[PDB]
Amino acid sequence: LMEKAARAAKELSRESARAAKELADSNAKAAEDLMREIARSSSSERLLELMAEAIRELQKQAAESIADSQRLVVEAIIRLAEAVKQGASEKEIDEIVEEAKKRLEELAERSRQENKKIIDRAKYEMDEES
């Protein structure tokens, strides 16, 4: 079962990573948009300050997301190594894995929501100035 647990660990880590990558892509596109708002507008340092603030907020929230899902993954890994030595069933391992996998997608959903709110606020505030 330890082999199976290993596969499970790699998969959880990769799911976390993929969440991080999708979030990062969204943030990239956001950066592009904000810069286009810079170009299509009057010359104002203010818009630059706002863009920088937005990008920094997005980075901070991204780091918090990664931290959360990483904590989850390492805990699931330890929990798996524990289980494959306390009483390795099969469906108990499958269950630990499926539960962690549940929490990962829930965490990632909440993350995408926070991100989205940040972006919307940013875009809007950049609209209102200039």
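One rule holds for the numbers: they count along the sequence shown, beginning at 1.
87-95 and 44-52 differ in mean CA B-factor, and the higher of the two is recorded for 87-95. Per-stretch averaging of Cα B factors for 57-65 and 77-85 places 77-85 on top. Looking at the C-alpha B-factors along this chain, the one for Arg7 belongs to the middle third. For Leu72, the recorded CA temperature factor ranks within the lowest third of the chain's modelled residues. Per the PDB record, residue ranking by Cα B-factor puts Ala108 in the middle third of the chain. When the modelled residues of the chain are ordered by their C-alpha B factor, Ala31 lands in the middle third.
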